[PDB]
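Structure first, commentary second.
Reconstructed Cβ throughout: ideal geometry from the backbone, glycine too, with neighbour counts over all protein chains shown. What follows draws every value from the coordinates through simple rules; no lab data is involved.
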Amino acid sequence: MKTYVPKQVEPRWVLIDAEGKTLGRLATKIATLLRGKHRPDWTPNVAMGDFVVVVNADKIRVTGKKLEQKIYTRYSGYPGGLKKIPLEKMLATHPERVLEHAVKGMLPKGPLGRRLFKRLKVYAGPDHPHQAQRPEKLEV
Amino acid sequence: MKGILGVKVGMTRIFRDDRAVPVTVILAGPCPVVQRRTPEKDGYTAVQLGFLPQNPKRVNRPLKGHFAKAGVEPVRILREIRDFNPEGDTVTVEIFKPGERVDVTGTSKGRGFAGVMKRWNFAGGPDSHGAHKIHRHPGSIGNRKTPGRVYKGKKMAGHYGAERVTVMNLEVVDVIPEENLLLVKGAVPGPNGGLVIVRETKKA
Amino acid sequence: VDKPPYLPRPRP
Amino acid sequence: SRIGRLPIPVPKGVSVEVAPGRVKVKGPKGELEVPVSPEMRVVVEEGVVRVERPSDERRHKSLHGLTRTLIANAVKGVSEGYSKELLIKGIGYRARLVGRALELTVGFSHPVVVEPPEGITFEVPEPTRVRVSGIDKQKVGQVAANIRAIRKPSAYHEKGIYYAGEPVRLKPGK
Amino acid sequence: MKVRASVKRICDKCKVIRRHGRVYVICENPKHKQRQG
RNA sequence: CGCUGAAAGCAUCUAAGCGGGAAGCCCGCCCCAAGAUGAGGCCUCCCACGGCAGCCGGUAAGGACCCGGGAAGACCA
RNA sequence: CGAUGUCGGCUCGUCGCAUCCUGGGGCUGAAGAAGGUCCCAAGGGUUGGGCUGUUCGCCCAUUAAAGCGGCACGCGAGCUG
RNA sequence: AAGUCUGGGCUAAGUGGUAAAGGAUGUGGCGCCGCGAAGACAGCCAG
Ligand SMILES: [Mg+2]
Ligand SMILES: [Mg+2]
Ligand SMILES: [Mg+2]
Ligand SMILES: [Mg+2]
Ligand SMILES: [Mg+2]
Ligand SMILES: [Mg+2]
Ligand SMILES: [Mg+2]
Ligand SMILES: [Mg+2]
Ligand SMILES: [Mg+2]
Ligand SMILES: [Mg+2]
Ligand SMILES: [Mg+2]
Ligand SMILES: [Mg+2]
Ligand SMILES: [Mg+2]
Ligand SMILES: [Mg+2]
Ligand SMILES: [Mg+2]
Ligand SMILES: [Mg+2]
Ligand SMILES: [Mg+2]
Ligand SMILES: [Mg+2]
Ligand SMILES: [Mg+2]
Ligand SMILES: [Mg+2]
Ligand SMILES: [Mg+2]
Ligand SMILES: [Mg+2]
Ligand SMILES: [Mg+2]
Ligand SMILES: [Mg+2]
Ligand SMILES: [Mg+2]
Ligand SMILES: [Mg+2]
Ligand SMILES: [Mg+2]
Ligand SMILES: [Mg+2]
Ligand SMILES: [Mg+2]
Ligand SMILES: [Mg+2]
Ligand SMILES: [Mg+2]
Ligand SMILES: [Mg+2]
Ligand SMILES: [Mg+2]
Ligand SMILES: [Mg+2]
Ligand SMILES: [Mg+2]
Ligand SMILES: [Mg+2]
Ligand SMILES: [Mg+2]
Ligand SMILES: [Mg+2]
Ligand SMILES: [Mg+2]
Ligand SMILES: [Mg+2]
Ligand SMILES: [Mg+2]
Ligand SMILES: [Mg+2]
Ligand SMILES: [Mg+2]
Ligand SMILES: [Mg+2]
Ligand SMILES: [Mg+2]
Ligand SMILES: [Mg+2]
Ligand SMILES: [Mg+2]
Ligand SMILES: [Mg+2]
Ligand SMILES: [Mg+2]
Ligand SMILES: [Mg+2]
Ligand SMILES: [Mg+2]
Ligand SMILES: [Mg+2]
Ligand SMILES: [Mg+2]
Ligand SMILES: [Mg+2]
Ligand SMILES: [Mg+2]
Ligand SMILES: [Mg+2]
Ligand SMILES: [Mg+2]
Ligand SMILES: [Mg+2]
Ligand SMILES: [Mg+2]
Ligand SMILES: [Mg+2]
Ligand SMILES: [Mg+2]
Ligand SMILES: [Mg+2]
Ligand SMILES: [Mg+2]
Ligand SMILES: [Mg+2]
Ligand SMILES: [Mg+2]
Ligand SMILES: [Mg+2]
Ligand SMILES: [Mg+2]
Ligand SMILES: [Mg+2]
Ligand SMILES: [Mg+2]
Ligand SMILES: [Mg+2]
Ligand SMILES: [Mg+2]
Ligand SMILES: [Zn+2]
């Protein structure tokens with residue numbers, strides 16, 4: 001008897017209201033849903049997780065003085081090309097990037113996890129354009 | 001924020017108040033608006049301008065359809081002026097009065113594969129005292145094992161010119177509506193016969 | 001700072 | 001040895017309605033809203049408002065007094081109103097009211113013009129005296145300080161813009 | 001404003017203030033004003 | 001550097017809150033830029049062609065080849 | 001050690017900030033002007049000469065200033081020698 | 001890969017996640033002296 005391997009199944013769509021939630025703790029759960037480690041038939045070499053839609057990304061909450069102290073960083077490859085952007089500003093300019101950057105770092109490196117991050121659709125503000133997919137609201 | 005397409009015609013100087021004024025002459029008008037970009041339809045605000053009469057024999061069917069939706073005769077060049085919304089269906093040199101101050105965008109003359117001394121004003125090497133085949137050379141391009149590489153953007157030889165250049169805060173010295181002329185004080189990018197764009201200046 | 005050269009200059 | 005425990009006398013006829021995280025205070029001079037910690041309890045007795053702290057923790061003890069004095073000041077603001085006087089010293093130094101706004105002549109190569117913000121009124125009884133009146137305590141003191149800063153008291157001469165009741169302390173020259 | 005690692009009171013009028021994560025010393029005498037650093 | 005203000009009946013720029021403040025920081029100016037594979041948007045043009053998300057073939061809108069050239073240019077573009 | 005070419009100059013830079021200048025400050029035995037001293041600040045700037053291989057240093061004439069250090073005492077498959 | 005596991009407490013510095021003399025109303029906790037309803041301390045005043 002060799003271990004069961006699932007043939008491709010229809011992917012489930014999920015909706016999460018990120019409002020008032022703690023950044024890092026919501027991140028892990030979404031990563032989990034993305035991996036598909038909540039499914040008894042989990043297999044590490046195929047994309048079989050959930051599609052995860054997140055709303056109210058801008059209304060994510062964070063403890064301590066991180067709003068002023070968390071510095072997101074980008075290096076351009078040029079001399080003196082290290083850009084430092086604090087959390088306050090990142091929410092003020094591209095708020096959906098906050099949940100995105102967090103969730104991304106908690107996904108596996110390489111081709112697969114890179115494509116798993118594509119199954120994450122994050123929006124700031126209560127509305128998402130995926131009513132066609134009819135997402136199942138999740139409490140997390 | 002007004003604007004107009006045009007062609008650089010050439011330079012002279014004129015006399016104003018016992019003073020010689022170097023000028024570049026630009027044939028600007030007339031420019032028919034062939035499309036308007038709207039925040040509802042296009043997400044921003046601009047006016048697509050046309051310029052120079054075109055032989056309709058040369059205008060393909062995709063393009064012909066476009067010109068018809070605007071009820072405008074075929075034109076050689078299309079360019080947009082952003083955050084401009086003229087009342088009329090046509091833009092002429094009239095939108096500038098002498099004394100005003102403008103920005104001119106053009107295509108700089110191309111110096112092709114240019115050395116480092118012309119491109120980047122390097123000082124090169126000596127011409128005697130032992131200098132060995134390095135008279136127009138850059139010299140060092142780095143350090144040693146640390147960092148063991150070359151910076152991005154490191155000034156080196158390569159193509160130079162034939163690139164977009166915008167000169168700012170140029171005085172309008174005169175405007176001659178009967179000939180669609182614009183007289184601007186000083187130097188404008190590109191060769192005579194080259195296409196330019198004239199916008200109201202963003203300086204104070 | 002003048003320190004003693006550790007290599008001879010190369011010969012043909 | 002304690003501020004927030006002391007009750008706030010509420011004269012007639014000013015209203016003090018309690019809300020979640022704020023209190024609203026109306027009176028003969030206007031309205032004021034006082035932001036108040038959810039942890040502090042604001043209590044309305046007959047002609048008296050009291051604030052009660054949830055425990056004897058260091059944080060709550062600090063919030064407690066602050067909350068009282070905050071609400072107390074809001075009461076006095078709609079009833080008596082607040083005001084600060086500014087005294088101008090120096091030979092050429094004068095002030096004059098140009099409409100609602102305050103013009104200041106205090107030795108620069110130009111005159112300075114101060115605009116009254118909302119709820120603030122400038123009045124110039126004499127040339128060397130200026131009065132800043134309003135229902136908001138902190139807004140008055142801020143506008144006061146701003147106007148003073150335009151030409152702070154010198155340290156060598158009796159020259160500049162002073163608070164009333166502000167001591168003239170100088171040091172010698174030569 | 002004296003800046004130093006040892007901030008202390010100089011006269012009896014000096015007052016030790018902790019302000020925004022720093023230990024200051026404020027006093028009526030301008031010479032005595034200190035910040036720790 | 002302040003306003004208001006407790007803990008600490010006073011005081012305190014701070015513990016709640018709010019000001020002012022640099023050639024520096026962010027935007028703004030000029031240039032590159034959707035291989036931004038997250039490959040965006042608008043205007044316009046062609047169409048249900050034959051035989052057996054595929055294969056071959058004939059077209060459409062269009063494009064390339066070739067040629068005269070060019071303040072474009074090493075070739076290329 | 002079956003080779004990691006060794007000073008100084010030229011060229012080309014880039015970073016650090018314990019900041020020479022310019023910007024912002026507190027204290028001054030700060031009248032003013034000008035200084036002293038410390039704090040913040042690396043955005044830009046930081047000259048031409050005479051001596052000597054010199055780096056360094058002295059000197060001339062100016063200057064807002066004529067900063068100090070890292071990069072194999074940066075840089076010889078880039079030059080010099 | 002396996003606990004967002006249980007119970008008690010501290011820390012608000014991202015301390016944790018490199019350092020010393022020395023400095024400090026940081027915070028919590030044990031003590032030890034004074035001085036006080038023979039009215040102390042703060043102050044709010046008369047002299
Ligand atoms: Mg779950
Ligand atoms: Mg947090
Ligand atoms: Mg965006
Ligand atoms: Mg791995
Ligand atoms: Mg004229
Ligand atoms: Mg052009
Ligand atoms: Mg050429
Ligand atoms: Mg060259
Ligand atoms: Mg050049
Ligand atoms: Mg030159
Ligand atoms: Mg030279
Ligand atoms: Mg030369
Ligand atoms: Mg030479
Ligand atoms: Mg030779
Ligand atoms: Mg040779
Ligand atoms: Mg030669
Ligand atoms: Mg070279
Ligand atoms: Mg390396
Ligand atoms: Mg080119
Ligand atoms: Mg009542
Ligand atoms: Mg009760
Ligand atoms: Mg003196
Ligand atoms: Mg000492
Ligand atoms: Mg003492
Ligand atoms: Mg004091
Ligand atoms: Mg006060
Ligand atoms: Mg605060
Ligand atoms: Mg502010
Ligand atoms: Mg502020
Ligand atoms: Mg102020
Ligand atoms: Mg400037
Ligand atoms: Mg472009
Ligand atoms: Mg594209
Ligand atoms: Mg593009
Ligand atoms: Mg990416
Ligand atoms: Mg596209
Ligand atoms: Mg768009
Ligand atoms: Mg054809
Ligand atoms: Mg050719
Ligand atoms: Mg060896
Ligand atoms: Mg060998
Ligand atoms: Mg070898
Ligand atoms: Mg420093
Ligand atoms: Mg200065
Ligand atoms: Mg300075
Ligand atoms: Mg002075
Ligand atoms: Mg003096
Ligand atoms: Mg000073
Ligand atoms: Mg700098
Ligand atoms: Mg730099
Ligand atoms: Mg430097
Ligand atoms: Mg000589
Ligand atoms: Mg020497
Ligand atoms: Mg001088
Ligand atoms: Mg000076
Ligand atoms: Mg010199
Ligand atoms: Mg070396
Ligand atoms: Mg060196
Ligand atoms: Mg050599
Ligand atoms: Mg050498
Ligand atoms: Mg070398
Ligand atoms: Mg070398
Ligand atoms: Mg080498
Ligand atoms: Mg020799
Ligand atoms: Mg737990
Ligand atoms: Mg720290
Ligand atoms: Mg840490
Ligand atoms: Mg750390
Ligand atoms: Mg110690
Ligand atoms: Mg202690
Ligand atoms: Mg006391
Ligand atoms: Zn003192």
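Quick look at the values:
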{"quantity": "Single residue of B:105, B:38 found to be hydroxyl-bearing (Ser, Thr, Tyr) and without any contact (Cβ under 8 Å) to a residue 12 or more places away in the chain", "calculated": "B:38"}
{"quantity": "Total residues in segment B:121-141, condition within 16 Å of ligand 18 (Cβ to nearest atom) and more than 23 Å from residue B:111 (Cβ to Cβ)", "calculated": "0"}
{"quantity": "Check on residue A:102, surrounded by 15 or more Cβ atoms within 10 Å (Cβ to Cβ), among the hydrophobic types (A, V, I, L, M, F, W, C) and either within 14 Å of chain B (Cβ to nearest Cβ) or not in a helix (DSSP H, G or I) (or both)", "calculated": "no"}
{"quantity": "Answer from B:83, B:89 - the residue that is under 21 Å from the mean Cα position of the chain (by Cα) and exposed (fewer than 14 other Cβ atoms within 10 Å of the Cβ)", "calculated": "B:83"}
{"quantity": "Those residues of segment A:113-125 which are surrounded by fewer than 16 Cβ atoms within 10 Å (Cβ to Cβ) and within 13 Å of residue A:45 (Cα to Cα), in sequence order", "calculated": "A:114, A:115"}
{"quantity": "Odd one out for residue B:110 among (1) loosely packed, with under 13 Cβ neighbours inside 10 Å; (2) away from ligand 10 (no atom under 16 Å from the Cβ); (3) small (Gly, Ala, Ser)", "calculated": "(1)"}
{"quantity": "Restricting segment E:1-19 to residues that are exposed (fewer than 10 other Cβ atoms within 10 Å of the Cβ) and not aliphatic (A, V, I, L, M), the residue that is nearest to ligand 3 (Cβ to nearest atom)", "calculated": "E:19"}
{"quantity": "Wholly enclosed strands (runs of 3 or more DSSP E) of segment D:117-171 bearing at least 1 residues under 13 Å from the mean Cα position of the chain (by Cα) and without any contact (Cβ under 8 Å) to a residue 40 or more places away in the chain", "calculated": "D:120-123"}
{"quantity": "Residues (among the charged types (D, E, K, R) and either without any contact (Cβ under 8 Å) to a residue 40 or more places away in the chain or exposed (fewer than 14 other Cβ atoms within 10 Å of the Cβ) (or both)) located in segment D:15-44", "calculated": "D:17, D:22, D:24, D:31, D:33, D:39, D:41"}
{"quantity": "Condition met for residue D:97 (touching a residue at least 40 places away in the same chain (Cβ under 8 Å), hydrophobic (A, V, I, L, M, F, W, C), on the phi < 0 side of the Ramachandran plot and outside any loop (DSSP other than H, G, I, E, B))", "calculated": "no"}
{"quantity": "Boolean, residue B:9 is within 16 Å of ligand 6 (Cβ to nearest atom), closer than 25 Å to residue B:183 by Cα and touching a residue at least 12 places away in the same chain (Cβ under 8 Å)", "calculated": "yes"}
{"quantity": "Qualifying positions in segment B:138-162 - part of a loop (DSSP other than H, G, I, E, B), away from ligand 10 (no atom under 16 Å from the Cβ) and within 20 Å of residue B:117 (Cβ to Cβ)", "calculated": "B:139, B:140, B:141, B:142, B:150, B:151, B:153, B:154, B:156, B:162"}
{"quantity": "Residue in segment A:93-111 that is β-branched (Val, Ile, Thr) and closer than 23 Å to residue A:6 by Cα present", "calculated": "no"}
{"quantity": "Enumeration of residues in segment A:105-128 that are in a loop (DSSP other than H, G, I, E, B) and either in contact with a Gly (Cβ under 6 Å, 6 or more places away or on another chain) or within 12 Å of RNA strand F (Cβ to nearest atom) (or both)", "calculated": "A:107, A:123, A:124"}
{"quantity": "From the options B:165, B:173, residue that is in a strand (DSSP E or B) and surrounded by 16 or more Cβ atoms within 10 Å (Cβ to Cβ)", "calculated": "B:173"}
{"quantity": "Residue that is nearest to ligand 12 (Cβ to nearest atom), among those in segment B:95-118 that are over 23 Å from residue B:3 (Cβ atoms) and more than 19 Å from the chain's Cα centre (by Cα)", "calculated": "B:117"}
{"quantity": "Residue that is surrounded by the most Cβ atoms within 10 Å (Cβ to Cβ), among those in segment B:113-161 that are within 14 Å of another protein chain (Cβ to nearest Cβ) and closer than 30 Å to residue B:196 by Cα", "calculated": "B:155"}
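Residue-by-condition table, conditions (1) under 14 Å from residue A:116 (Cβ atoms); (2) among the small types (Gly, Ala, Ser); (3) within 14 Å of chain B (Cβ to nearest Cβ):
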| site | (1), (2), (3) |
| --- | --- |
| A:17 | no, no, no |
| A:21 | no, no, no |
| A:35 | yes, no, no |
| A:46 | yes, no, no |
| A:49 | yes, yes, no |
| A:65 | no, no, no |
| A:74 | no, no, no |
